[PDB]
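K.L.:
Here it is, the structure in full.
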Amino acid sequence: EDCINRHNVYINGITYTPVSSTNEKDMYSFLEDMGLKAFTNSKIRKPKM
Amino acid sequence: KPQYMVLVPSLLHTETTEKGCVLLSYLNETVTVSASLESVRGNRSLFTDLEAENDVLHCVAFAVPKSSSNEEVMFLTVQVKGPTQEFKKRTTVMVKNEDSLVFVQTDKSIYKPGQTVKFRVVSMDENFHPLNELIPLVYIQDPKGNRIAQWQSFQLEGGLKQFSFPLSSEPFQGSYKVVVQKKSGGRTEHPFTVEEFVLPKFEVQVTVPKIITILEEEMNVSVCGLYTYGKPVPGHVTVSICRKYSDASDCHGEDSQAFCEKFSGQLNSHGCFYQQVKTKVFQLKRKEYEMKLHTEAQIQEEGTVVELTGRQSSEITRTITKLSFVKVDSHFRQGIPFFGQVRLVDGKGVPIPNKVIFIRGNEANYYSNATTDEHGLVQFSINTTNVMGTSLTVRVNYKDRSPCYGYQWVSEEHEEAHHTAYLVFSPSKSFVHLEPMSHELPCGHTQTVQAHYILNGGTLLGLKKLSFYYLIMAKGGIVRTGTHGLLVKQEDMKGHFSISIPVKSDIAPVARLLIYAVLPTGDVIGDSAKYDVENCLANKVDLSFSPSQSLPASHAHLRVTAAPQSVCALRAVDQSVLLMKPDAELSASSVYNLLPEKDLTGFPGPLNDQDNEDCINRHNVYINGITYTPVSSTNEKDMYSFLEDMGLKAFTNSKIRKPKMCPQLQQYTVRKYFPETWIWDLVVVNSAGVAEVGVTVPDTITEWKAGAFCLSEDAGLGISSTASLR
Amino acid sequence: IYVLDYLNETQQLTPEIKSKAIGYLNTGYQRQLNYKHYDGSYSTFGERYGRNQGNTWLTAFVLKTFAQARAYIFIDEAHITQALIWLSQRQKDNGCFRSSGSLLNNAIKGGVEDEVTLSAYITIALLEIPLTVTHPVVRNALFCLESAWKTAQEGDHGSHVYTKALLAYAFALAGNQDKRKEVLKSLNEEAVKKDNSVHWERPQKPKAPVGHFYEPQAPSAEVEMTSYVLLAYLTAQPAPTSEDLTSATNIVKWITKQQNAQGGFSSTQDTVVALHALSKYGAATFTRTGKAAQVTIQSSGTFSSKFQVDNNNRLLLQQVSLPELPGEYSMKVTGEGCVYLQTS
Amino acid sequence: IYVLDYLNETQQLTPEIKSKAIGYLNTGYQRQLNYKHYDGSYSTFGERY
Ligand SMILES: *[C@@H]1O[C@H](CO)[C@@H](O[C@@H]2O[C@H](CO)[C@@H](O)[C@H](O)[C@H]2NC(C)=O)[C@H](O)[C@H]1NC(C)=O
Ligand SMILES: *[C@H]1O[C@H](CO)[C@@H](O[C@@H]2O[C@H](CO)[C@@H](O)[C@H](O)[C@H]2NC(C)=O)[C@H](O)[C@H]1NC(C)=O
Ligand SMILES: *[C@@H]1O[C@H](CO)[C@@H](O)[C@H](O)[C@H]1NC(C)=O
Ligand SMILES: *[C@@H]1O[C@H](CO)[C@@H](O)[C@H](O)[C@H]1NC(C)=O
Ligand SMILES: *[C@@H]1O[C@H](CO)[C@@H](O)[C@H](O)[C@H]1NC(C)=O
Ligand SMILES: *[C@@H]1O[C@H](CO)[C@@H](O)[C@H](O)[C@H]1NC(C)=O
Ligand SMILES: *[C@@H]1O[C@H](CO)[C@@H](O)[C@H](O)[C@H]1NC(C)=O
């Protein structure tokens, strides 16, 4: 549920920027490709919005 | 870094002088600037130069001659040559063979047979200093597309001239015209009617709401017929108040007039008639349109009736309880509180006292209440450390027309204060906003504006003090200029500082003030302003007369004050035909709105802009932190933009424009003498003001519309008042 | 337009082909107006798409064509004026205007898209208009050209040919006799001359890799650049000399040999510039009134020959042999009308 | 065209309005050619049908 949506993506500089999702490898993804699952508290999954 | 800045209105009125300014500072003082305004096609070149130093503003008034084409573009280039430095910058300038602003004035508005029309013509330049000049043509035109008289190729020497023309005993009747044609091909007109008529000796006048609204059960009305010497007249009155556009077909003999209510009266001997009416017969609703009131006084012992059409546009408006803005900053900034002062009114135009309201500042999350005071004013303040663009609204009620808005057959509304504001680009994180006196601006007086300057870090390295530079722009050009330096606090943010400036004259009914502060690092800030300058002239003028007298009491005087060496056009007229029909747009407001290009705001059309090359677009936007995210264009206010809506253009090297990246490459005992005129003459003002001796016309009793129109090369023109001689 | 001028200057024409071409020209003109920009700029699509900005080289190409089209048929000065001020608007302080790349194909343009070459083609397209060298825009243009020329000259490589040739042609349009002299000398150094003619070529084997089919993404643009070289040789302030005309003759021999039986040449650009060049050549050389040429060859071993050249035998190749070993062959020409004299 | 003639006959003209009208005339001419028939005839829609 950790949705990080600002009203707008809050750039101060040349202009403002829009939103977009990312694409990079993850620890959660490491353990998914591992084939297993787990439970913790720390930040494993990328803070997807 | 060493710094310059050169500024000039984007337009150029030709055949005359025009001012442009330059700033210089911070090293290698011995510099030479040069402006070259060049006609690209074929070739022309007008060259201007100046030598200058550091830490100085100065403005030169270069002149321009006529051209071939009426309106053209020209390449303006500028070269800065300091002993160890060079800079060059060009753009496009709009040049225009300006048409002198000219006009007419008659003896009278209407005419009857056997008489002679008499009028005068006038011309002027951008400055309202008088202008002597050859005119190609003026003529008088008869209503059938045919002509009645003509004069050609004649030169103004006092900046004006007079003409007359006699009419026949049986000419054509109707709306005759007079017309002027200039060497440019520009034409101007001044009509005048010609017909038989009688001379009135009274004028009806109603009192009633000029503006009537929905929530109206009744209406005050009153009828007062002024007479000769404003005396009371007895007789009969009858008014026809009226609504219009009923369910009639406006055709097949069907009168479009809705309920016309008629009220009679015996117009008493002393005082004037009154009547309070009820609007229930009018049904102040959706499909019953505006309110015309036709009041007809039949003066006794003549049977003579005359009407006045009145208050046709009494705004029966849906928008009730309409509040207002007065002094709203168009802008806000990331590091500042802005405070909007906001009045509240309703309906007639009267503010309401002690009335709560709600104020929603969205994207500041500022939902705050307030109330209306004796003047309906609230001065709401909002701190601003927030996102790009802010929206603001205020209401007394909620966002809907609460009582029965959805029927398709409803007639009611309530205004909502709406406003939007954008912020500046200030990569320094410093900026100078201004608190103005943003309302009506009097003339002949000084006024102090105040300024909220703030400095992120102050001067980073620089020197001790800093400098501000302000310009007051008028009539699309330039009028006044100055500056102010100040010792900066060592590394701190100092807020307040004032500036006083004079409002003598020589300035458009708008006054576009701006200011800007400069930083030796190559940086700059500033902010604009606007003042509704009251319509007011440089050359003061005045009139008077030896007072009113009896009937043949010949010896009378007129006096006028003006500049010590000038002239005046003097129109005393028997005010009966003028009572019958008014004059036409004769005032300083006439002069002002006759002007071409009141305000220079934004460049013209044919020239678009000047582009730059900096594209900061990364391959991927490089948005470090939690996540990546794409590029987009902003929407915010800029210094380039400040000087654009200012009206002018400038050259510099500093970061003025925002670094707008480049777009995406991705693609696929008495004896009567003449009435209808008393005096129609020219006169000269000595160095003590003039006083002529008028001669009391007999056998005539009314107002005496005295009109003074004066002119001097030094002080310009002047407009004096409607002095009567009852 | 350039073939119109070729036909009218060589005089092999008629009013019928004339009228048909005129109709083509008006039609193409207007269909091109249907692609431009409200500012005056020009784009491939342009109109019916509000969010757009035009291209530079394309605006310049249309400008040159509008120029010569005015020269033949009527056209308005406002369009060229607006595109011109637009060309100005893009220019930098000392650097030349950028390339606002909004094209669809690199085949239509024969150049390498470099700012140097781009600005060179632009400023020369300007100078084809009767334009004073004192103009600001052109002043800055020549500044760019001088700078770029020095950088490529003192440098061991600036592409060695196409840049340098376009620079040469623009420098010729200026008035810089010395500068055009030096640059043409340099281009003449790097020669691709052959048994009976002269021309130029790109490196013939690019240092970096290339594509497969006909060197794709590389038209190789030899005809257009040779044509511009020629054009540079053809232009002096009173009239050209003899030696430029000999070089022009050789390179034109190469040109006409390099013409495609389908018509035109391998592209549209090279075809255009080649026909412009040949038109100017004939305007220099091909006199339609000079019709009484008399040639007389005289050699110390009393070997004398005589020939006449007039309109009727204008295209005639009068050939004669030469037997004496020590050749001291004195040609003497008189009358009117130019003559080429090829000996082997 | 007829107002062109009127201006040029009464002499109340200029080369600017002249050139603008000339451009109008060529434009309308060609846009009209875009409606005619292959035989030479002319129709409202014509071409593309
Ligand atoms: C055709 O080509 C000629 C080659 O000289 C061009 O030059 C004109 O030649 C005609 C011959 O009668 C002269 O009357 C003109 O004065 C020349 N200059 C012009 C008209 O530009 C010419 O442009 C072309 N058209 C013709 C034959 O006039
Ligand atoms: C419109 O005005 C003139 C008025 O005479 C028209 O008549 C032509 O005038 C020119 C004057 O040199 C004559 O040479 C022509 O023979 C006339 N007929 C033409 C040109 O069609 C003409 O139709 C228009 N243009 C002008 C002014 O010539
Ligand atoms: C244009 O160029 C010539 C060059 O000598 C110059 O004398 C002239 O004054 C310039 N202006 C005009 C209108 O010819
Ligand atoms: C200005 O003067 C200083 C000292 O002579 C010199 O170093 C500098 O190069 C000059 N030019 C600049 C700052 O552009
Ligand atoms: C106007 O209307 C008010 C009531 O609304 C009434 O008291 C007053 O007598 C009327 N006349 C004038 C002159 O105010
Ligand atoms: C608006 O806020 C004020 C407190 O600042 C409060 O007195 C008032 O009650 C609020 N509005 C209403 C309708 O209560
Ligand atoms: C303005 O409001 C913000 C809210 O955080 C606060 O930081 C700032 O100190 C306020 N400034 C004032 C009252 O001057």
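Here, A, B, ... name the chains of the structure tokens in the order displayed, residue numbers run from 1 inside each chain, and ligands are numbered from 1 in the same displayed order.
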Which polymer residues have any atom within 12 Å of an atom of residue A:42, counting only C-alpha atoms, with same-chain residues fewer than 4 positions away left out, as a ChimeraX atom specification?
P.N.:
/A:27-28,38,46-47
K.L.:
Can you pull out every residue with an atom within 7 Å of ligand 6? Use only C-alpha atoms and all ligand atoms and format it as a PyMOL selection string.
P.N.:
chain B and resi 368-370
K.L.:
Could you give me, as a tab-separated table (two decimals) with N, CA and C atoms, in the first residue's frame, every polymer residue with an atom at most 9 Å away from an atom of ligand 5, counting only C-alpha atoms and all ligand atoms?
P.N.:
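Generated output (out20.tsv):
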```tsv
chain	number	residue	atom	x	y	z
B	218	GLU	N	-39.87	46.69	-5.59
B	218	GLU	CA	-40.29	48.04	-5.89
B	218	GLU	C	-39.13	48.82	-6.49
B	219	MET	N	-39.40	50.08	-6.77
B	219	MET	CA	-38.43	50.95	-7.40
B	219	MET	C	-38.77	52.40	-7.12
B	220	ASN	N	-37.78	53.14	-6.62
B	220	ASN	CA	-37.90	54.58	-6.57
B	220	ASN	C	-37.79	55.13	-7.99
B	221	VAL	N	-38.58	56.15	-8.29
B	221	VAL	CA	-38.53	56.82	-9.57
B	221	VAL	C	-38.84	58.28	-9.31
B	222	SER	N	-38.27	59.17	-10.12
B	222	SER	CA	-38.59	60.57	-9.97
B	222	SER	C	-38.31	61.29	-11.26
B	274	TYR	N	-42.27	62.72	-8.03
B	274	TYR	CA	-41.77	61.45	-7.52
B	274	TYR	C	-42.79	60.35	-7.77
B	275	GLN	N	-42.32	59.10	-7.71
B	275	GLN	CA	-43.20	57.95	-7.79
B	275	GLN	C	-42.47	56.68	-7.40
B	276	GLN	N	-43.06	55.90	-6.50
B	276	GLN	CA	-42.52	54.61	-6.09
B	276	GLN	C	-43.38	53.52	-6.71
```
K.L.:
Produce as a ChimeraX atom specification the set of residues near ligand 2, where near means within 8 Å with only C-alpha atoms and all ligand atoms considered.
P.N.:
/D:5-11
K.L.:
Based on the selection just made, write N, CA and C atoms of those residues as a compact mmCIF listing (two decimals), in the first residue's frame.
P.N.:
```txt
# COMPACT_ATOMS: atom_id res chain seq x y z
N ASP D 5 -9.84 44.42 -61.47
CA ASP D 5 -10.05 45.31 -62.64
C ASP D 5 -10.61 46.64 -62.15
N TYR D 6 -11.59 46.62 -61.23
CA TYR D 6 -12.22 47.85 -60.79
C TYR D 6 -11.19 48.78 -60.17
N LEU D 7 -10.35 48.22 -59.29
CA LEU D 7 -9.31 49.02 -58.66
C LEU D 7 -8.36 49.59 -59.70
N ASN D 8 -7.94 48.75 -60.65
CA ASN D 8 -6.92 49.16 -61.66
C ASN D 8 -7.52 50.08 -62.73
N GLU D 9 -8.85 50.13 -62.83
CA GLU D 9 -9.52 50.95 -63.88
C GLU D 9 -9.78 52.32 -63.26
N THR D 10 -10.34 52.34 -62.05
CA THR D 10 -10.55 53.59 -61.34
C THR D 10 -9.25 54.19 -60.82
N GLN D 11 -8.17 53.42 -60.76
CA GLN D 11 -6.82 53.81 -60.38
C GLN D 11 -6.64 53.91 -58.87
```
K.L.:
Specify as a PyMOL selection string all residues of chain C found within 12 Å of chain B, counting only C-alpha atoms.
P.N.:
chain C and resi 37-41+51-53+77-78+80-105+126+129-140
K.L.:
What does the list of residues within 8 Å of ligand 7 look like if you count only C-alpha atoms and all ligand atoms, written as a list in words?
P.N.:
residues 336, 337, 382, 383, 384 and 385 of chain B
K.L.:
Residues of chain D near chain C: apply a cut-off of 8 Å, count only C-alpha atoms, and supply the list as a list in words.
P.N.:
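Result, ordered by chain then number: residues 19, 23, 26, 27 and 30 of chain D.
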K.L.:
Give me a file of those residues, with N, CA and C atoms, as an mmCIF file, in the first residue's frame.
P.N.:
```
data_model
loop_
_atom_site.group_PDB
_atom_site.id
_atom_site.type_symbol
_atom_site.label_atom_id
_atom_site.label_comp_id
_atom_site.auth_asym_id
_atom_site.auth_seq_id
_atom_site.Cartn_x
_atom_site.Cartn_y
_atom_site.Cartn_z
ATOM 1 N N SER D 19 -0.458 42.449 -55.093
ATOM 2 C CA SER D 19 0.267 41.200 -54.912
ATOM 3 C C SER D 19 -0.531 40.215 -54.075
ATOM 4 N N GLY D 23 -1.769 36.528 -55.315
ATOM 5 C CA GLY D 23 -1.598 35.276 -54.606
ATOM 6 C C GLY D 23 -2.916 34.563 -54.389
ATOM 7 N N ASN D 26 -3.913 32.940 -57.863
ATOM 8 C CA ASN D 26 -3.215 31.694 -58.149
ATOM 9 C C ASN D 26 -3.696 30.577 -57.234
ATOM 10 N N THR D 27 -3.874 30.882 -55.945
ATOM 11 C CA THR D 27 -4.309 29.864 -54.993
ATOM 12 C C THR D 27 -5.690 29.332 -55.355
ATOM 13 N N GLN D 30 -5.614 27.172 -58.579
ATOM 14 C CA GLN D 30 -5.118 25.811 -58.411
ATOM 15 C C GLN D 30 -6.074 24.963 -57.579
#
```
K.L.:
Kindly give the distance, in Å, that separates atom CA of residue B:298 and atom CA of residue B:235, rounded to a single decimal.
P.N.:
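Between atom CA of residue B:298 and atom CA of residue B:235 the gap is 6.4 Å.
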K.L.:
List all protein, DNA and RNA residues that have any atom at most 8 Å from ligand 4, counting only C-alpha atoms and all ligand atoms, and write the list as a PyMOL selection string.
P.N.:
chain B and resi 1-2+27-28+82-86
K.L.:
Any chance you can output those residues with N, CA, C and O atoms as an mmCIF file, in the first residue's frame?
P.N.:
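Ended up saving to selection-v1.cif:
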```
data_model
loop_
_atom_site.group_PDB
_atom_site.id
_atom_site.type_symbol
_atom_site.label_atom_id
_atom_site.label_comp_id
_atom_site.auth_asym_id
_atom_site.auth_seq_id
_atom_site.Cartn_x
_atom_site.Cartn_y
_atom_site.Cartn_z
ATOM 1 N N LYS B 1 31.317 38.766 -12.627
ATOM 2 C CA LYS B 1 31.402 38.931 -14.065
ATOM 3 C C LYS B 1 31.026 40.353 -14.471
ATOM 4 O O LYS B 1 30.315 41.046 -13.740
ATOM 5 N N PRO B 2 31.501 40.818 -15.624
ATOM 6 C CA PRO B 2 31.097 42.137 -16.095
ATOM 7 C C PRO B 2 29.764 42.044 -16.797
ATOM 8 O O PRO B 2 29.492 41.089 -17.529
ATOM 9 N N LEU B 27 33.333 45.861 -14.250
ATOM 10 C CA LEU B 27 34.757 45.960 -14.607
ATOM 11 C C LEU B 27 34.885 46.608 -15.981
ATOM 12 O O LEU B 27 33.893 46.818 -16.685
ATOM 13 N N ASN B 28 36.140 46.917 -16.343
ATOM 14 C CA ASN B 28 36.574 47.253 -17.704
ATOM 15 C C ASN B 28 35.680 48.335 -18.295
ATOM 16 O O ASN B 28 35.267 48.288 -19.456
ATOM 17 N N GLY B 82 34.048 46.530 -24.945
ATOM 18 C CA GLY B 82 34.895 46.963 -23.874
ATOM 19 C C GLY B 82 36.323 46.647 -24.231
ATOM 20 O O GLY B 82 36.604 45.799 -25.087
ATOM 21 N N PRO B 83 37.255 47.285 -23.532
ATOM 22 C CA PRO B 83 38.667 47.226 -23.936
ATOM 23 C C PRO B 83 39.244 45.829 -23.966
ATOM 24 O O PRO B 83 40.265 45.594 -24.624
ATOM 25 N N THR B 84 38.610 44.892 -23.266
ATOM 26 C CA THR B 84 39.037 43.504 -23.215
ATOM 27 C C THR B 84 37.868 42.560 -23.448
ATOM 28 O O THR B 84 37.972 41.367 -23.144
ATOM 29 N N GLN B 85 36.757 43.066 -23.980
ATOM 30 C CA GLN B 85 35.561 42.249 -24.108
ATOM 31 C C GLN B 85 34.749 42.722 -25.297
ATOM 32 O O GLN B 85 34.810 43.884 -25.702
ATOM 33 N N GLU B 86 33.978 41.793 -25.845
ATOM 34 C CA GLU B 86 33.104 42.068 -26.966
ATOM 35 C C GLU B 86 31.846 41.241 -26.789
ATOM 36 O O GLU B 86 31.881 40.135 -26.244
#
```
K.L.:
Which chain D residues are at most 12 Å from chain B (counting only C-alpha atoms), as an MDAnalysis selection string?
P.N.:
chainID D and resid 12:16
